[PDB]
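For ligands, and for the atoms within them, numbers begin at 1 and follow the listed sequence. Within every chain, numbering begins at 1; the chains are lettered A, B, ... in the order of the sequence lines, protein sequences first and strands thereafter. Hydrogens, waters and symmetry mates play no part in the numbers below; they use all other heavy atoms, side chains included.
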Amino acid sequence: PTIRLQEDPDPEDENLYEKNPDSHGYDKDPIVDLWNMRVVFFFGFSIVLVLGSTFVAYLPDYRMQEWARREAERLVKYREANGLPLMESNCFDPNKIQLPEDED
Amino acid sequence: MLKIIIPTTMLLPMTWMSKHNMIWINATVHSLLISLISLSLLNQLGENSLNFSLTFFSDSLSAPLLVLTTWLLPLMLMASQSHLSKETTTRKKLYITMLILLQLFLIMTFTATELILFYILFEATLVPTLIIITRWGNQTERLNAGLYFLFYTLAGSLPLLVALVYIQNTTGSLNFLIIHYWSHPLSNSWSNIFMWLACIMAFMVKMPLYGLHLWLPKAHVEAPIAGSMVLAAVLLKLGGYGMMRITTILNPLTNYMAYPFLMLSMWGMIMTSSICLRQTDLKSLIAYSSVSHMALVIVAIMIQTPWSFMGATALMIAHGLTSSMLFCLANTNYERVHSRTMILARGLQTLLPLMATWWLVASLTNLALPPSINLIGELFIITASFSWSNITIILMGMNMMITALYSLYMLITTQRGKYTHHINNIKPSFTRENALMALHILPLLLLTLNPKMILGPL
Amino acid sequence: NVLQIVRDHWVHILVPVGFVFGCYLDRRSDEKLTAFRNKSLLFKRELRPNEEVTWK
Amino acid sequence: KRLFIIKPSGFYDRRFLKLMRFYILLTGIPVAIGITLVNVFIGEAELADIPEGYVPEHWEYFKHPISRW
Amino acid sequence: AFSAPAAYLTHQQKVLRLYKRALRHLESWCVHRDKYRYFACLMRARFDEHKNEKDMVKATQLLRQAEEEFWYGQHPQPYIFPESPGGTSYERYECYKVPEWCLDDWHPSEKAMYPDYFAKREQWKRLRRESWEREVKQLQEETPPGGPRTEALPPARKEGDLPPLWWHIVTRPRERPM
Amino acid sequence: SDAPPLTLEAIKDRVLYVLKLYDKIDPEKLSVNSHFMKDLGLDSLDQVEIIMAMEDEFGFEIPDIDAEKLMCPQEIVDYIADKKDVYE
Ligand SMILES: CCCCCCCCCCCCCCCCCC(=O)OC[C@H](COP(=O)([O-])OCC(O)COP(=O)([O-])OC[C@@H](COC(=O)CCCCCCCCCCCCCCCCC)OC(=O)CCCCCCCCCCCCCCCCC)OC(=O)CCCCCCCCCCCCCCCCC
Ligand SMILES: CCCCCCCCCCCCCCCCC[C@@H](O)O[C@H](CO[C@H](O)CCCCCCCCCCCCCCC)COP(=O)(O)OCC[N+](C)(C)C
Ligand SMILES: CCCCCCCCCCCCCCCCC[C@@H](O)O[C@H](CO[C@H](O)CCCCCCCCCCCCCCC)COP(=O)(O)OCC[N+](C)(C)C
Ligand SMILES: CCCCCCCCCCCC(=O)SCCNC(=O)CCNC(=O)[C@H](O)C(C)(C)COP(=O)(O)O
């Protein structure tokens with residue numbers, strides 16, 4: 001037969017615009033296509049994008065940035081009023097630390 | 001956090017009970033709703049993590065990754081339904097099932113409190129990816145790609161497993177909170193060196209590290225579009241997340257165990273950027289781009305500074321979005337002309353103007369134009385590397401020059417010049433493709449508007 | 001006529017129902033970790049004349 | 001004379017841009033109006049000392065009405 | 001650009017091409033018109049001095065020496081016509097050129113404008129469809145058995161024929177499309 | 001605006017105008033169909049000069065392979081019209 005096998009020929013690719021000039025590229029069924037477009041646009045842009053951005057923009061300050069700023073303001077005011085240094089090189093009180101007895 | 005896990009498990013039978021011509025609509029709608037729900041995880045604290053239960057917790061490092069995963073699922077569904085139109089209903093449902101199972105495994109991986117559960121889920125992600133690649137890939141090379149994808153991973157992860165169980169016999173726990181609080185230094189012995197290597201190599205091969213990256217061009221080129229999207233955007237970040245988790249027990253050994261990996265990352269970043277300059281396949285160029293960006297992320301994780309960790313987090317998120325967008329852009333042209341050769345279809349700006357705008361924006365984000373979060377991550381990593389050693393600015397600097405070049409090269413090859421005369425089948429862009437590009441690109445700039453959400457726990 | 005509409009679109013409650021069930025299970029999980037409720041040194045507090053527990 | 005100018009089809013790109021603008025605005029104009037109305041008629045909370053014996057609710061530790069809600 | 005090239009250039013063709021190149025570069029050197037005319041007449045005299053050389057070997061040696069002299073004395077920045085391959089407007093309007101087949105993809109609302117133009121387009125497409133097979137048959141007949149040896153194409157010879165492979169030459173976009 | 005819409009009559013007029021300013025061609029004896037070599041008795045170098053004069057007149061270049069074939073004013077006019085998309 002000069003052939004190797006019985007096979008279907010490779011078919012040409014279908015253009016969605018032929019049967020539907022305004023086809024949106026979602027489905028060959030025009031109604032299912034239109035509603036796929038509508039749901040993608042409504043739930044992607046209208047709901048998740050804009051409303052999610054608004055929700056994230058107004059998230060309450062659980063990172064405590066403003067609290068930390070106010071605490072630092074109080075600390076700076078007190079330390080500058082009493083003439084103490086603004087910050088100490090030790091963050092732990094040495095009286096609660098017991099060094100080794102001998103260093104030799 | 002079962003309020004996110006259970007709806008995906010419900011996506012499964014919802015897909016398998018849907019009418020034959022409503023699978024895509026239902027899957028897309030409920031995937032978008034799940035992403036909206038997962039958006040609430042971004043409310044994080046400044047001191048500790050959100051400890052939901054004994055099994056799951058959310059940090060400031062894993063929450064953006066979860067949001068990216070849940071947002072990527074609907075985009076994958078949108079990108080897949082074009083080339084799967086001729087498929088049977090059962091096989092389409094099986095493909096969607098693979099995507100859903102991958103999302104579930106990733107979601108549970110990013111929030112597991114124990115390292116062995118994390119390992120089990122991080123290996124479980126292998127099966128759906130391999131099935132997708134080897135069943136729905138287009139060319140004969142996909143099979144080989146699958147093998148390269150599998151063993152390269154497993155040869156890294158099998159030692160890690162051993163190390164993990166060994167650690168549990170020594171400290172009594174693999175819970176990450178206990179591991180962090182009860183941390184002890186690693187002495188300088190051969191046993192500790194090999195424990196370090198066992199704990200590091202799996203994540204190294206996942207990034208991937210230069211020299212261990214050969215699986216990635218094969219797997220990311222031979223895969224279908226959704227496979228490439230999820231491989232570039234999320235699955236590469238498993239290595240970075242795991243490394244940033246595991247490095248808490250490796251000090252001070254890392255101080256000198258990082259040198260070969262740092263040298264490999266910097267030089268191979270230069271090398272892969274150079275490789276991008278001479279590439280005939282458009283998908284392979286994007287894959288090697290991913291390799292270069294991940295080399296940057298590896299350097300950031302290895303130098304172990306707060307600025308480097310913030311830069312690594314930002315770079316992972318930005319790269320995920322940008323590389324997924326670039327893969328989709330290349331797939332549009334491939335579906336039009338059925339060939340991946342870059343110089344085949346030229347002058348596409350004359351035929352498709354809006355797609356050319358999408359190409360320009362994607363290539364602009366690839367070269368880290370300020371103030372994109374790509375640039376923020378890159379600059380933070382470069383500053384940390386400069387603190388590590390002033391000479392790094394040379395190599396990093398060279399990278400910044402090469403990247404832009406190849407990026408613009410890609411654009412100039414595809415959009416500019418004159419159109420190919422004999423190609424007469426270039427149809428106007430569909431609404432689906434434009435919506436896909438917009439849903440990729442708009443979150444990038446929105447995140448630029450508020451960058452502290454992707455900067456991590458540091 | 002709602003029979004055909006229901007049999008065509010009953011798959012649209014699975015994911016919201018899963019969300020509600022996940023919320024319920026998360027509350028149940030929180031119910032099992034109250035061993036230190038109103039007992040930490042930082043947040044220990046005297047009860048109000050009416051309230052029974054500090055959080056649920 | 002006036003000659004025909006051969007161009008690619010600009011209908012579909014214009015349609016997509018109009019659809020995207022429509023949906024974004026459809027949800028974002030009410031949001032902007034609501035934000036403006038809330039800001040005008042329900043301002044931000046004023047920082048004050050905790051009165052003796054009072055235990056504030058957690059949402060009372062934030063100042064913007066939308067964040068508090 | 002329009003004519004099919006031959007397998008090689010002849011001696012006379014090479015001499016004429018060198019003459020044109022030399023005159024153009026001399027004009028590039030001699031900016032003013034009167035000076036250029038003077039030196040161009042001198043160049044023409046120098047060219048036709050050796051016009052009647054019957055020895056071909058000596059003729060090719062003279063041509064070789066002339067080309068070496070030209071390469072030594074060429075203007076490094078010669079004048080180029082703006083639309084010539086080295087000019088400042090060489091491919092300026094290529095981005096405005098759109099192939100005609102794109103019109104097949106216009107939305108019917110876009111085609112609702114310009115009804116007469118699209119009717120004429122349909123007529124042209126019908127003509128091309130009716131002529132193609134006759135063009136192919138004529139090419140099959142006129143081609144030698146060992147394939148074509150040049151890129152020259154035949155004209156139409158029959159009653160209502162069209163010259164084969166005419167569509168993409170006739171429907172060129174334009175020189176100034178938009 | 002820009003330059004006027006060149007017509008076939010204008011192209012032919014300018015070509016003949018250039019040719020009648022050539023001292024080697026008799027103006028009266030010249031017609032639009034006169035052959036440069038047969039009718040007018042010119043050689044190849046004169047043809048090269050004529051092609052260059054046409055190029056200077058119309059501000060664009062004619063490649064050598066195309067310029068070799070032009071032998072009468074009508075061929076020059078037709079080549080220029082075809083190049084510049086002149087149909088009227
Ligand atoms: C187009 C689509 C195509 C595709 C593109 C892609 C689109 C993607 C979108 C994705 C979704 C994005 C959603 C993001 C959510 C973010 C919302 C947010 O957080 O809002 C923040 C912010 C509101 O912050 P807030 O925390 O709510 O306010 C805190 C206070 O409690 C409030 O203070 P207050 O107590 O004073 O109350 C102020 C109140 C009232 O204030 C006033 O009334 C006073 C104003 C001055 C008037 C004074 C003179 C005028 C009257 C005199 C004459 C009448 C009186 C006498 C009568 C007789 C006449 C003689 O006004 C407001 O409430 C603020 C306006 C509300 C805007 C909310 C934005 C929501 C957008 C979400 C939708 C997204 C899509 C866009 C569609 C939106 C619709 C187009 O909104 C703003 O954007 C404000 C910006 C304006 C400030 C001035 C600009 C300064 C420029 C500096 C830079 C200079 C460099 C040059 C660059 C300039 C370029 C701009
Ligand atoms: C097509 C035509 C295009 C051009 C025409 C456009 C017309 C104009 C529209 C462009 C607007 C210009 C933008 C200028 C910025 C103004 C808004 C800004 O001020 O709001 C920011 C707020 O932006 C948001 O915070 C960022 C958006 C969050 C991004 C999340 C995206 C949604 C999820 C989608 C999927 C996720 C994928 C990625 C995974 C990581 C500031 O935040 P903040 O300084 O604090 O506010 C302080 C006061 N608060 C806190 C009380 C509110
Ligand atoms: C393709 C890319 C793959 C991924 C790349 C992975 C990178 C792995 C490289 C490992 C980095 C270092 C490993 C061990 C640290 C030091 C290694 C050694 O060379 O240093 C000296 C070690 O001394 C000598 O070199 C002894 C080692 C010589 C034998 C090792 C074989 C190396 C030859 C190269 C084989 C290629 C290996 C990779 C195969 C692919 C230091 O002297 P010393 O202080 O005493 O040893 C420190 C440990 N102590 C304290 C417990 C004693
Ligand atoms: C910018 C400065 C650089 C320029 C320097 C250039 C220097 C070169 C000057 C001298 C070059 C010569 O004379 S090279 C002398 C070459 N002589 C011959 O070949 C003799 C045989 N004759 C023929 O081939 C034809 O008659 C032909 C002459 C082609 C006429 O063509 P037609 O009659 O059929 O139109």
Side-chain angles (χ1 to χ4, degrees), chain A residues 44 48-59 61, chain B residues 35-36 38-39 42 63-72 187-194 196-197 200-201 204-205 209-212 256-261 264 317-318 320-321 438-440 442-454, chain D residues 17 20-21 24 35 44 63-64 66-67, chain E residues 10-16 18-19 21-26 28-29 43 46-56 58-75 78, chain F residues 37 42-43 45-48:
Chain A
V48 177
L49 215 65
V50 172
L51 292 182
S53 319
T54 319
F55 172 81
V56 167
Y58 284 105
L59 274 172
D61 185 32
Chain B
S35 197
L36 179 74
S38 75
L39 225 35
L42 295 174
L65 290 167
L66 298 153
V67 171
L68 179 72
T69 297
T70 58
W71 178 252
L72 212 83
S187 74
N188 213 359
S189 54
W190 293 114
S191 300
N192 284 158
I193 282 168
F194 280 99
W196 195 98
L197 285 166
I200 285 298
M201 287 326 285
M204 274 305 170
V205 83
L209 166 81
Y210 175 75
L212 296 180
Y256 84 95
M257 281 305 282
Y259 271 108
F261 304 92
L264 272 176
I317 300 302
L321 283 173
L439 293 165
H440 269 100
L442 301 179
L444 254 184
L445 322 172
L446 287 179
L447 282 175
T448 281
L449 264 188
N450 186 7
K452 90 180 157 295
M453 305 282 162
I454 50 140
Chain D
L17 287 171
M20 167 154 82
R21 195 244 286 108
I24 278 170
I35 280 175
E44 265 158 340
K63 105 185 279 215
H64 197 281
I66 305 174
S67 291
Chain E
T10 67
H11 183 81
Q12 177 231 60
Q13 265 156 315
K14 288 158 127 204
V15 171
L16 298 177
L18 166 63
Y19 181 55
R21 245 192 292 123
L23 278 175
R24 282 310 193 202
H25 275 249
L26 169 86
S28 298
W29 276 125
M43 179 73 60
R46 178 182 184 182
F47 251 86
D48 66 13
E49 155 175 342
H50 294 320
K51 177 175 28 83
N52 281 346
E53 228 63 38
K54 274 318 153 283
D55 199 6
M56 272 342 281
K58 204 246 190 313
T60 84
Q61 210 36 231
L62 291 174
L63 178 70
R64 214 217 209 251
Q65 279 156 6
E67 307 272 14
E68 261 136 47
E69 173 177 10
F70 168 83
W71 195 265
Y72 169 72
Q74 67 181 302
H75 204 299
Chain F
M37 335 282 291
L42 313 166
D43 47 353
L45 308 149
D46 302 8
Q47 202 262 351
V48 177

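- Side-chain contact between E/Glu67 and E/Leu63 is present, with at least one heavy-atom pair separated by less than 4.5 Å.
- Residue-level proximity to ligand 3 for B/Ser189 is carried by the backbone, the only part with a heavy atom below 4.0 angstrom.
- Across the listed options E/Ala22, E/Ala59, E/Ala66, E/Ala66 owns the non-hydrogen atom lying nearest to atom 11 (C) of ligand 4.
- B/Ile193 is listed as a side-chain neighbour of B/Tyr256, based on a closest heavy-atom distance under 4.5 Å.
- The existence of a salt bridge linking E/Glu69 and E/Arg21 is excluded, since no basic side-chain nitrogen approaches an acidic carboxylate oxygen closer than 4.0 Å.
- The option with the heavy atom closest to atom 18 (C) of ligand 4, from among E/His50, E/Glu53, E/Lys54, E/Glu68, is E/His50.
- Every atom of ligand 4 is numbered from 1 in the order shown, and the set under 4.0 Å from a heavy atom of E/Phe70 is 3 (C).
- Of all atoms in ligand 3, listed by their number and element, those nearer than 4.0 Å to a heavy atom of B/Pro260 are 11 (C).
- Using a cut-off of 4.0 Å between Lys/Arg side-chain N and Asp/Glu carboxylate O, E/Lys58 and E/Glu53 are scored as not salt-bridged.
- When each atom of ligand 3 is checked for a heavy atom of B/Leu209 under 4.0 Å away, the hits are 4 (C).
- Closest approach of B/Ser35 and B/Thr70 over heavy atoms only: OG-OG1, 3.4 Å.
- Annotation for ligand 4: atoms under 4.0 Å from non-hydrogen atoms of E/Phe47 are 13 (O).
- For the pair E/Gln13/E/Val15, no side-chain contact is recorded, criterion being any heavy-atom separation below 4.5 Å from C-beta on.
- Side-chain N/O atoms of E/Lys54 and E/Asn52 include no donor and acceptor closer than 3.5 Å.
- Shown here for B/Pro443 and B/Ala438, the closest heavy-atom pair between the two residues is CD-O, 4.0 Å.
- For E/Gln74, the heavy-atom gap to ligand 4 stays at 4.0 angstrom or more.
- Here B/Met201 has side-chain heavy atoms under 4.0 Å from ligand 3, and that is the only part of it that gets that close.
- Proximity of E/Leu26 to E/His75: side-chain heavy atoms (C-beta onward) are nowhere separated by under 4.5 Å.
- When the options F/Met37, E/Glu69, E/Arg46 are ranked by their closest heavy atom to atom 13 (O) of ligand 4, first place goes to E/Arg46.
- Between B/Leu72 and B/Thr69 the shortest side-chain heavy-atom distance does not fall below 4.5 Å.
- Listed by number with element, the atoms of ligand 4 under 4.0 Å from a non-hydrogen atom of E/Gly73 are 1 (C), 2 (C).
- Taking 4.0 Å as the cut-off, B/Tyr259 does not count as a neighbour of ligand 3 on heavy-atom distance.
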Are there any protein N or O atoms under 3.5 Å from the N or O atoms of ligand 2? List them with distances, or say none.
{"residue": "ligand 2", "atom": "25 (O)", "partner": "B/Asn450", "partner atom": "ND2", "Å": "3.4"}

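- Those atoms of ligand 3 with a heavy atom of B/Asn188 less than 4.0 angstrom away are 50 (C), 51 (C).
- Residue-to-ligand polar distances place E/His11 within reach of ligand 4: an N/O pair is separated by less than 3.5 Å.
- Below 30°, between 30° and 60°, or above 60°: for E/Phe70 and E/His25 the angle between ring planes is above 60°, a perpendicular geometry.
- When all heavy atoms of B/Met453 and A/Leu59 are compared, the closest pair comes out as CE-CD1, 4.5 Å.
- Inter-residue side-chain proximity for A/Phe55 and B/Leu36 is flagged as unmet; no heavy-atom pair is nearer than 4.5 Å.
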